[PDB]
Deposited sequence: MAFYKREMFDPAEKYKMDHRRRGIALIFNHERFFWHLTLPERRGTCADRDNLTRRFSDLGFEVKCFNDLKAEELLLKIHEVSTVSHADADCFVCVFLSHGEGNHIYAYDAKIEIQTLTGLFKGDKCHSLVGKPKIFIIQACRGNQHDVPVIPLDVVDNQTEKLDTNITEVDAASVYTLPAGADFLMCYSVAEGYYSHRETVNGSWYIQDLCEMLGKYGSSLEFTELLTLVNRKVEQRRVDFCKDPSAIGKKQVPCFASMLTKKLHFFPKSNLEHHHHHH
């Protein structure tokens, strides 16, 4: 029973990094524009591509479209993939994220990737990064990263900076730990249901 066991990260593909980016909102929600979220979006796009991810961004989806998209991604095959990354950059009321027109419960989004529902991701890391102005990991191998101006937000800037230097070498949670320190110096948080060490060594 090896205390230095790492997740298997030598599949054909790294996997998908889903980015839902929300800048403006339906007028009757009365939510302020999120200035520099697009900078965050692009920054995350660079960093994650560099780590081998197929990055798919969507901007300002309405609830229906977002659920369609995420449900779709939950149902393609991840059998030849290492892991899955999903990012939300929007407003958040409670355990909800905002789409363009309405709230969605985070649990209903994350639950799409639990084992009973997404077989090809079983025993692989499922990483959610949630940057929102609450929800425990959906199950085994889930990692939730919470953040708790025109050039981006502190959390995404510092996460991306760390991904840039250390992403290819460090264990991912120790890298988040650095992000905690970085941000604090200028507090964010991760919650882990991971079962092994996670690294993003460059692929063959």
Inset, instruction - Compare the deposited sequence with the modelled residues and state the ranges that are missing C-alpha positions. - result: 1-8, 142-175, 191-199, 238-252, 271-279
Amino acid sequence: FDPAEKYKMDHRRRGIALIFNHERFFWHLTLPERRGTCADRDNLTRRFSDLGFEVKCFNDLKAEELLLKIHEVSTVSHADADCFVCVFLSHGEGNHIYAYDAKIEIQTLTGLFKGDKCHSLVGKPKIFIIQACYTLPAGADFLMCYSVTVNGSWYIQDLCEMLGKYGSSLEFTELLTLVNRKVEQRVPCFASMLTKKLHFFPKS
From here on, numbers count along this sequence of modelled residues.
Legend entry - Average Cα temperature factor in the PDB entry - higher stretch of 24-32, 134-142: 134-142
Inset, instruction - Higher average CA B factor in the deposited record is what I'm after, so tell me if that's 71-79 or 119-127. - result: 71-79
Legend entry - Top Cα B factor in the deposited entry, candidates 65, 158, 174, 60: 174
Legend entry - Where the record places residue 153 (Cα B-factor, split into thirds across the chain): middle
Legend entry - Chain-wide C-alpha B factor ranking for residue 18, given as lowest, middle or highest third: lowest
Inset, instruction - Looking at the entry's B-factor column for C-alpha atoms only, identify whether residue 187 ranks in the lowest, middle or highest third of its chain. - result: highest
Inset, instruction - Place residue 39 in the lowest, middle or highest third of its chain's C-alpha B-factors, as listed in the PDB entry. - result: middle
Legend entry - Where the record places residue 163 (Cα B-factor, split into thirds across the chain): highest
